[PDB]
Amino acid sequence: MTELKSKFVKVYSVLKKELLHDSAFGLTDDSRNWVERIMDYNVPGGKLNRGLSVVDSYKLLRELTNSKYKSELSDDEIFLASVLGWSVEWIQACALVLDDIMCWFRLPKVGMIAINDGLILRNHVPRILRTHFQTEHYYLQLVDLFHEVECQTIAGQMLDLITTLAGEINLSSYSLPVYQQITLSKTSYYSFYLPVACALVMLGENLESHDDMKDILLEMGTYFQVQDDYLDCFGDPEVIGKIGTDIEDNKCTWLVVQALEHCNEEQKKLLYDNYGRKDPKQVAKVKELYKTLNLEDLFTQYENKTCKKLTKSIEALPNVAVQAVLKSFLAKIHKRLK
Amino acid sequence: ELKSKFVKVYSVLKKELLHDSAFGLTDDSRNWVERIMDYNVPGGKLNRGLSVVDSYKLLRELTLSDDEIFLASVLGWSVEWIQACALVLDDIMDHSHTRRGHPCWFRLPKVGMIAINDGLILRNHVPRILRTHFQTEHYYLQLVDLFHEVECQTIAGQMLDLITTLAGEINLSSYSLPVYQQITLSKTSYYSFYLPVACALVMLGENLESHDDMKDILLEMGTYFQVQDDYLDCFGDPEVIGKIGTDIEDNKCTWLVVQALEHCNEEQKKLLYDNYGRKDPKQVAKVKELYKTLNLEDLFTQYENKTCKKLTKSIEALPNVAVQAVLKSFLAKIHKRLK
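Protein sequences appear in the order of chains A and B. All letters in the first sequence, in the order written, are residues 1 to 102, 113 to 348 by the UniProt record's numbering. All letters in the second sequence, in the order written, are residues 3 to 65, 73 to 348 by the UniProt record's numbering.
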């Protein structure tokens with residue numbers, strides 16, 4: 001089960017050798033190994049669905065719009081899309097650098123190591139894009155698109171940092187607006203906007219002519235994160251392949267915030283005294299408070315209403331290839347159990 | 003005088019950014035963006051941005074169009090935008106206090122989100138400024154590289170500083186010298202000292218990859234500049250500085266606090282835990298008195314004399330006499346300064 005995905009995976013190794021044995025940025029033999037270890041720990045491995053969606057999207061935009069000379073994707077076409085797909089995976093790798101880190115005094119030294127790891131990787135994307143796109147017309151537009159998503163990611167990463175730290179001293183810091191900003195800037199941009207926007211820039215398109223699609227993808231990114239959060243609570247761990255830890259891990263879950271908005275005083279103090287522990291006695295009291303607040307129903311309500319909104323906004327787009335791409339994104343997420 | 007010729011450049015750029023066809027904005031959003039813009043970028047001495055133009059002027063002399078000054082000033086004002094973004098988060102602990110100056114925490118992420126999003130707005134101006142005014146030059150890509158380097162180095166430092174300032178409220182042992190050095194270097198040294206000279210240099214038609222030694226000097230000189238800052242906030246003629254030192258009350262990660270924790274023993278360590286990040290002058294004085302007892306006034310004289318001599322030596326070892334002149338100018342205006 002790999003096909004063009006196997007053809008995609010190889011590109012990481014090509015970019016990695018380029019980045020390491022680059023004359024413009026020399027490296028000690030010890031520097032190279034140190035950088036390569038950071039690269040391999042952080043960037044390859046995983047589902048790769050974000051980077052691949054760049055290639056899958058570029059393939060669907062070409063298949064439908066065309067007006068190019070042939071509809072089959074060139075080997076050089078597949079490769080360049082994969083280079084952007086892997087740039088996406090680098091952006092992603094940087095965004096997650098901090099997600100462990102979690113007593114307190116050991117935290118800034120620990121955090122310092124992680125920050126420098128991402129510093130190394132962040133300085134890779136400009137070089138990747140320059141090596142492989144410096145000559146195209148759209149190069150400057152591509153640098154913009156990446157600068158925007160890169161900068162929005164860093165903002166979301168900083169808020170998630172402030173927020174996950176402030177959550178250890180007071181759960182009331184987790185709020186609905188803050189959750190939406192973290193989800194939007196830290197995740198939605200690279201996850202849903204960035205792939206397709208990459209396919210469009212190399213397809214020879216201007217992004218300022220797709221603001222209606224950019225709002226759709228960003229909202230679809232929020233919807234996707236509300237899904238993950240919900241699944242981490244209850245969703246057949248044998249289907250997901252993972253045990254839910256968000257309630258234990260003291261995460262800023264869509265569930266937790268919707269809880270503290272609807273539940274009051276007595277229910278609120280129940281949550282402070284039971285959220286984020288490791289024995290199931292408190293984990294179940296939480297899961298029961300969510301059931302008491304009907305949060306499975308509030309979620310399923312949110313799901314159908316948001317799906318209707320986006321399908322409407324999608325059916326209302328002028329670009330049939332774009333909407334065909336967004337329709338595949340939305341149906342691949344809808345009511346997914348995994 | 004040339005300062006007045008430099009300041010209007012801000013208004014030039016501010017007018018460009020707002021009434022950009024490529025970036026439409028409501029009249030009501032434009033006021034909001036302008037309020038963010040001028041609250042954060044102009045005002046203050048503007049010395050970093052000015053050092054770009056003075057540096058270009060000294061480099062050119064030792065090897073002048075009005076438009077030249079404009080472009081140099083455009084880069085100097087670019088520096089001020091970077092400086093602005095680095096500092097957006099610095100009073101995040103005192104603006105979350107919607108009380109007096111008491112613990113908060115729940116109101117902290119809302120406060121931070123505002124700040125983060127302000128700096129996000131200002132961070133998107135530098136690429137537009139550099140493109141508008143340099144898209145066409147030989148060195149344009151060298152400029153985009155240079156600003157991406159410092160921009161990213163700045164971003165790392167504030168992220169570490171954030172982690173550090175938060176973890177410093179709970180458990181004081183979080184403040185350490187390696188963490189202090191990293192923050193000082195990545196958050197500050199890059200934009201303040203490297204970036205100005207590097208701007209004057211790349212526009213002067215130079216490649217930065219052949220100035221690694223000058224860069225190492227400038228970054229270290231930036232760290233030296235911050236250790237001076239920290240030391241003065243404790244004892245440095247509060248009447249001369251024109252400001253009252255607030256660092257001990259504010260529970261800041263000072264070079265001094267770090268050096269104290271290194272030298273002091275468990276009794277002195279507890280004196281520091283039980284005082285320090287408090288308000289009353291009685292507890293603040295126990296610290297400033299503990300600093301004296303640990304000999305941190307002389308330890309500072311050692312760092313300064315050694316860093317000054319060490320850098321003077323490294324600078325004189327540069328082949329480029331024009332570069333040596335600029336770094337010597339920076340070093341001698343920082344040296345033993347009382348304000």
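Every residue gets a Cβ at the ideal spot worked out from N, C-alpha and C, and that includes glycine.
Cβ-Cβ distance between residue i and residue j below 8 Å
i: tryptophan 264 of chain A; j: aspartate 239 of chain A; result: yes
i: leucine 181 of chain A; j: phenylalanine 202 of chain A; result: no
i: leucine 186 of chain A; j: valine 267 of chain A; result: yes
i: residue 69 of chain B; j: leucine 308 of chain B; result: It's not possible to place residue 69 of chain B here, given that chain B moves directly from 65 to 73.
i: residue 70 of chain B; j: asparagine 42 of chain B; result: Since the model of chain B passes from 65 to 73 in one step, residue 70 of chain B is not part of what is shown.
i: residue 67 of chain B; j: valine 54 of chain B; result: For residue 67 of chain B, nothing is modelled; it lies in the interval where chain B passes from 65 to 73 with no residues in between.
i: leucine 327 of chain A; j: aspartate 222 of chain A; result: yes
i: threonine 255 of chain A; j: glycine 231 of chain A; result: no
i: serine 183 of chain A; j: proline 118 of chain B; result: yes
i: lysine 288 of chain B; j: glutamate 258 of chain B; result: yes
i: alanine 209 of chain B; j: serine 323 of chain B; result: no
i: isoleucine 125 of chain B; j: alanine 165 of chain A; result: yes
i: residue 106 of chain A; j: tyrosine 200 of chain A; result: Looking at chain A, the numbering goes 102 and then 113, which leaves residue 106 of chain A without any coordinates in this model.
i: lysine 297 of chain B; j: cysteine 262 of chain B; result: no
i: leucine 171 of chain A; j: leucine 171 of chain B; result: yes
i: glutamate 313 of chain B; j: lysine 345 of chain B; result: yes
i: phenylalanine 79 of chain A; j: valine 9 of chain A; result: no
i: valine 236 of chain B; j: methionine 122 of chain A; result: no
i: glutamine 162 of chain B; j: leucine 98 of chain B; result: no
i: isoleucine 250 of chain A; j: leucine 241 of chain A; result: yes
i: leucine 320 of chain B; j: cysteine 273 of chain B; result: no
i: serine 87 of chain B; j: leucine 139 of chain B; result: yes
i: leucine 52 of chain A; j: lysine 5 of chain A; result: yes
i: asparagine 260 of chain B; j: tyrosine 285 of chain B; result: yes
i: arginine 32 of chain A; j: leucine 20 of chain A; result: yes
Within chain B, the residues that residue i reaches when beta carbons sit closer than 8 Å
i: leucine 171 of chain A; result: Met168, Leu171, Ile172
i: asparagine 180 of chain A; result: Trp114, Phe115
i: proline 247 of chain A; result: Simply none; closest approach about 31 Å.
i: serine 185 of chain A; result: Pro118, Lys119
Chain-ordered chain B contacts of residue i [CB-CB under 7 Å]
i: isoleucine 125 of chain A; result: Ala165, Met168, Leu169
i: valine 188 of chain A; result: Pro118, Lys119, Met122
i: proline 205 of chain A; result: Neighbours of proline 205 of chain A on chain B: none; closest Cβ ~21 Å, over 7 Å.
Residues that residue i contacts on chain A, provided the C-beta gap is smaller than 7 Å
i: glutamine 191 of chain B; result: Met122
i: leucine 175 of chain B; result: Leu175
Neighbour flag for residue i against chain E, beta carbons, 8 Å
i: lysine 224 of chain B; result: Absence of chain E from the displayed structure is noted, the protein chains being A and B.
Proximal residues of chain B, C-beta to C-beta of residue i below 9 Å
i: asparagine 42 of chain A; result: The contacting residues do not exist; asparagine 42 of chain A stays about 15 Å from chain B at best.
Chain-ordered neighbours of residue i on chain A, where CB pairs are closer than 9 Å
i: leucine 129 of chain B; result: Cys161, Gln162, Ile164, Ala165, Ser195
- Just list the beta strand (DSSP E) runs in the region 221-256 of chain A, keeping only unbroken ones of 3 residues or longer that don't cross its boundaries, in chain order. none
- Task: Would you check if the region 170-187 of chain B and the region 207-220 of chain B touch, i.e. whether three or more CB-CB distances between them fall below 8 Å?
- Result: No: the two stretches stay apart, fewer than three of their Cβ pairs being nearer than 8 Å.
- Query: Does the region 58-71 of chain A touch the region 35-47 of chain A, meaning 3 or more C-beta pairs lie closer than 8 Å?
  - Reply: no
- Message: Check whether the region 149-157 of chain B and the region 85-92 of chain A touch, using three or more Cβ-Cβ pairs below 8 Å as the test.
- Response: no
- Message: Using a Cβ distance threshold of 8 Å, determine whether the region 330-344 of chain A contacts the region 55-65 of chain A, with at least three qualifying pairs required.
- Response: yes
- Quick one: which residues of the region 148-161 of chain A get their C-beta closer than 8 Å to a C-beta of chain B? List them in chain order. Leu150, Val153, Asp154, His157, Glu158, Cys161
- Query: Any residues in the region 23-37 of chain A with a beta carbon nearer than 8 Å to a beta carbon of chain B? Which ones, in chain order?
  - Reply: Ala24
- the region 130-141 of chain B: positions lying closer than 9 Å to chain A by Cβ: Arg132, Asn133, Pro136, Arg140
- Going along the region 64-96 of chain A in order, which residues come within less than 7 Å of chain B, judged by CB to CB distance? Against chain B - using a Cβ distance shorter than 7 Å - the region 64-96 of chain A contributes no residues.
- Segments of 3+ residues assigned as beta strand (DSSP E) that fall wholly inside the region 287-344 of chain A: none
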